[PDB]
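Reading the structure
Okay, here's what each chain looks like letter by letter:
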Amino acid sequence: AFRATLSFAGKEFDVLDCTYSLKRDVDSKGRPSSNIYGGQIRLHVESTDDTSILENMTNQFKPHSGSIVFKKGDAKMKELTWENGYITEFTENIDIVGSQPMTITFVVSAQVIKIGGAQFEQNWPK
Amino acid sequence: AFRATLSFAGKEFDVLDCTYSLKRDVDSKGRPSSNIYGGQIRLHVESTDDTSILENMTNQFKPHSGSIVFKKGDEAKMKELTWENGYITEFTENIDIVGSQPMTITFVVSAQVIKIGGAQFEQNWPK
Amino acid sequence: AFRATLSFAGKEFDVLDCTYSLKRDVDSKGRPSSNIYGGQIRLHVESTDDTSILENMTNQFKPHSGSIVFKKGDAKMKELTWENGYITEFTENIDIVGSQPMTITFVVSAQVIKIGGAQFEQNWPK
Amino acid sequence: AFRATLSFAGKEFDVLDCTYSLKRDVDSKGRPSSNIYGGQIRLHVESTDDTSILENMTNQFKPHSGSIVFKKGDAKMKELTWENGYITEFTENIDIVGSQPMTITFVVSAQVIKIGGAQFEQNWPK
Amino acid sequence: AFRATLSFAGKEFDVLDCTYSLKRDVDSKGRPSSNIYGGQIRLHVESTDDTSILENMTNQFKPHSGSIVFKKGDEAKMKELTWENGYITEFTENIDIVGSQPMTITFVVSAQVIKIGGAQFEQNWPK
Amino acid sequence: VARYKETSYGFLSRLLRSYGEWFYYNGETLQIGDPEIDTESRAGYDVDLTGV
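For this deposited structure, the header cites cryo-EM as the method used and 2.8 Å as the resolution.

What follows is the structure, encoded as structure tokens:
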């Protein structure tokens, strides 16, 4: 028993997958040789008659924000939030023979991401 | 049936996977042409409401130590892998609504000293 | 119904799998244009409370010998030995969910390898 | 069910797999631009006490010949033969699970290969 | 069900697989920036104690023609894929025993004209 | 004959070649003049020569 809810653009969606990652560089003796980079969020969602994430992507010159809430068993456990981000990849797939009749997967590139008392921020020269 | 526990930052975590490797360059005729390099531990543990591995990667830049203990039989500790003077260089957290373990965290540690049983690998970091 | 047993560092180990190979170079129309190279030995063993293969690898300047015995009935049928060798790769994997409890994979780069009535040697400078 | 047997160096071996292929080069408009090249034979055999194939790759440096015969009903269906060949790859594998553990895989690069009423000849000037 | 029959070199073979394709290049904005290329036919048949494909290939200076018939069920002609002025440019024969796969032959044909239905593609080979 | 702001090799190189003499190192000796070498060899395309 597990649930994930995405609150985005004044709507609510049901999340199937979610991912985020970070990385550094090392110099063949194990000593780190750069700073932390990454921070993209990849999401997988079931699509139902509502083309509203796609309209947000087509609005190329406006940043937004969002939240994802994780519920364990039969209460909130974690919350992932982003602010000042854009959608930089969109795919919509329909398979009739197989399962998952209609699904949407997309990526978000944000300036700040926060999860449960930790946060990662990039500097943007504006 | 095995068990494994990770003791990191004063907390205990439950381990699903572990791996470490060493390497040495080899000449075209089969001779070794360098000394040992590598020594990176990759760990796959369960996730919960606490975020303390990510805090050590981002909110702190200091070396840390850690320990992994392997248990056999459902007591009687099998082995123990220790590291000191290390940094977390990768991090990933996935959630899958359908299929087996819901929330996991994967991370890689790059350290200077690695001890397992009666064997010791030390890297010459000229400071 | 068969066995493979490895005798190394004055001990005995039970092998899970083993392999070795040799190669030559040919030109565009099948004529050989090089000599034989290769001859490394790849081994898979079960890991107990020993930590003795790691002790040998960390000893970087002392070559060693070993042998593997293959038994088909229950008596010896073939033997693969090596002389003047080094350990050049080492991996330890510990998987708990799957049926891969505790295992070691390592590679040996030697100067002479013998099996049956055949042998292969490399001319290391003296 | 098929029975394939290999006659090589005065002995008989039990074959598990076999392949051989040919090729040509093609222009950007789909027109052939070179001659036929290829003709290597890949063989998979069950290992035993004898080590004759290894001594042919290492201990000897003379061209050899051999044949493979395929039987479908029990009767002889096809025969593939080579002459003036070399062994350019060799691999021995052991896997203690089952399904033919001890096996040998090698590759032959010959000048003449024959099957049925078809022939392939290479120009090796002397 | 389905059935495919290949008539080639005055003989008939049973076909398992069959493929052909075409494509053209496009810009970064999606506008096509070339013409069509790549009409090749890939065929998979079973070998029956005869070597007629191989004899045609080793005669390197003889263009041939062929046809394939697709039958919807039983006795009804559906399509017809024909070629003329073609060469075999790839050949492979596979034998398997442990996996219970019979002897099979795979080969590729590069022709100048291919036709199917009311469609036709041709390539300009200089005279 | 004048040597004008040049090295020993540069002076001798230009002076001997303008008089049409052979002047080169053969592998173990420095040769001044024609050696009259008649040693021959045979090379075949796709036997000894990979490209021509």
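Further notes follow.
1. Concerning the overall build of chain B
Each helix and strand counted, chain B has one helix and seven strands in total. Start at the N end of chain B and walk to the C end: the helices and strands fall as β-β-β-α-β-β-β-β. Its C-alpha atoms put chain B at 50 × 40 × 30 Å along the principal axes. Taking all 127 residues of chain B together, the buried fraction comes to 46%. Surface exposure of chain B reaches about 6,200 Å², of which carbon and sulfur atoms provide 44%. Computed over 14 positive and 17 negative side-chain charges, the inter-centroid distance for chain B is 12 Å.

2. So, the interface of chain B and chain A
Taken residue by residue, the interface counts 31 residues in chain B and 28 residues in chain A. Approximately 2,600 Å² of surface area, both sides summed, lies buried where chain B meets chain A, with 61% of it carried by carbon and sulfur atoms. It is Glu93, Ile95 and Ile97 of chain B that lose the most area in chain B upon contact with chain A, and together they represent 22% of the buried surface on that side. At the boundary of chain B and chain A, one finds one salt bridge. The interface formed by chain B and chain A includes 12 residue pairs in polar contact.

3. Quick notes on the interface of chain D and chain E
Of the residues lining the interface, 28 residues belong to chain D; the matching set on chain E comes to 28 residues. Across the chain D-chain E interface, the total number found is two salt bridges. Notably, a salt bridge pairs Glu93 of chain E with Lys78 of chain D, separated by 3.2 Å at the nearest N-O pair. Where the side of chain D that touches chain E is concerned, the elements lending two or more residues are β2 (11-23), β5 (76-95) and β7 (118-121) of chain D.

4. Observations concerning the side chain of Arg24 of chain B
Looking at the secondary structure, you find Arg24 of chain B in the loop between β2 (11-23) and β3 (37-46). Buried and without a salt bridge, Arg24 of chain B has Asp25 of chain B as its closest oppositely charged side chain, separated by 9.0 Å. Within the local environment of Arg24 of chain B, its side chain forms a polar contact with the backbone oxygen of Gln60 of chain C, the two atoms lying 3.2 Å apart.

5. Notes on the arrangement of the chains
Without any contact between them, chain A and chain C keep their closest C-alpha atoms 16 Å apart. Taking C-alpha atoms as the reference, chain B and chain E come no closer than 32 Å and do not contact one another.

6. Brief notes about the pattern of salt bridges
Going through the model one piece at a time under the given rule, you end up with 16 salt bridges over all chains. Between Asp46 of chain F and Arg31 of chain C there is a salt bridge; the shortest N-O distance is 2.9 Å. With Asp46 of chain F in the segment after β2 (30-32) and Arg31 of chain C in the loop between β2 (13-23) and β3 (37-46), this pair bridges two chains. Of the charged contacts in the structure, one is a salt bridge between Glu79 of chain C and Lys76 of chain C, with a shortest N-O distance of 3.2 Å. The exposure class assigned to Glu79 of chain C is partly exposed, which follows from its relative accessible area of 26%. Taking the relative accessible area as the measure of exposure, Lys76 of chain C reaches 54% and is therefore exposed. Among the charged side chains, a network of salt bridges with common partners joins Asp27 and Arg31 of chain C together with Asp46 of chain F.

7. A short note on the environment of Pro32 of chain D
Structurally, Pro32 of chain D is set in the loop between β2 and β3 (37-46). Excluding its chain neighbours within four sequence positions, the residues that come into contact with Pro32 of chain D are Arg24, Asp25 and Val26 of chain D together with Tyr87 of chain E.

8. Brief notes about the layout of surface pockets
All names here are of chain C. The computed volume of the largest pocket comes to approximately 420 Å³. Lining the largest pocket are 20 residues, and of these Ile36, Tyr37, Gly38, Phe120 and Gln122 lie nearest its centre. Here the residues of the lining of the largest pocket sort into seven nonpolar, 10 polar and three charged.

9. Thoughts on the environment of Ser65 of chain B
Take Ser65 of chain B: it is sitting in strand β4 (residues 64-72). For the pair formed by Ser65 of chain B and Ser7 of chain B, sequence separation is 58 residues and the distance between their alpha carbons is 9.1 Å.

10. Points about the packing of aromatic side chains
Within this structure, the stated rule accounts for 13 aromatic pairs over all chains. Both rings, one in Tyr20 of chain D and one in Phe91 of chain E, keep their centres 6.3 Å apart while their planes meet at 50°; by these two values the pair is tilted. Here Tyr20 of chain D, found in strand β2, pairs with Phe91 of chain E, found in strand β5 (residues 77-96), and the two come from separate chains. Residue classification places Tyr20 of chain D among the buried residues on the basis of a relative accessible area of 3%. Above the ring of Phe13 of chain C, the side-chain terminus of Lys11 of chain C is found at 4.9 Å from the ring centroid. Looking at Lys5 of chain F, its charged tip hangs above the ring of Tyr4 of chain F, at a distance of 4.4 Å from the centre.

11. A short note on the pairing of strand β3 (residues 37-46) of chain A
On a regular strand, each side chain points to the face opposite its neighbour's, so the side chains alternate between the two faces of the sheet. Residues and elements named next belong to chain A. With seven bridges connecting them, strand β2 (residues 11-23) and β3 associate as antiparallel partners. Looking across to β3, one finds that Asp17 is bridged to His44. For β3 and strand β6 (residues 102-115), the ladder comprises six bridges, and the chain directions are antiparallel. For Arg42, the partnering residue across the bridge sits in β6 and is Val107.

Reading the values: rules and limits
- Residues numbered from 1 in each chain as written, not as in the entry; some residues may be left out.
- Chains lettered and ligands numbered in written order.
- Part of a larger assembly, values for the part shown.
- Heavy atoms only, no water.
- Helix = DSSP H or I, 4+ residues; strand = E, 2+ residues; numbered from the N terminus.
- Buried < 20%, exposed > 50% of the residue type's maximum accessible area, 1.4 Å probe, protein only.
- Areas by Shrake-Rupley, 256 points an atom, 1.4 Å probe, with all protein chains shown as cover.
- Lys, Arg positive; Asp, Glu negative; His and termini not counted.
- Charge placed at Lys NZ, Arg CZ, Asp CG, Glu CD.
- Contact = heavy atoms within 4.5 Å.
- Buried area = accessible area lost by both parts, 1.4 Å probe.
- Salt bridge = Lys/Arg side-chain N within 4 Å of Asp/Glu carboxyl O.
- Polar contact = N/O pair within 3.5 Å; in protein donor to acceptor, adjacent residues only side chain to side chain.
- 1 Å grid on protein atoms, 1.4 Å probe; cavity = no way out; pocket = protein on both sides within 12 Å on 5 of 7 lines; lining within 4 Å.
- Points joined across faces, edges and corners; volume = space filled by probe spheres on them.
- Nonpolar A, V, L, I, M, F, W, Y, C, P; charged D, E, K, R; others polar.
- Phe/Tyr/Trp six-rings, centres within 6.5 Å; stacked < 30°, edge-to-face > 60°.
- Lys NZ or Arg CZ within 6 Å of the ring centre and 35° of its normal.
- Pairing = 2+ DSSP bridges.

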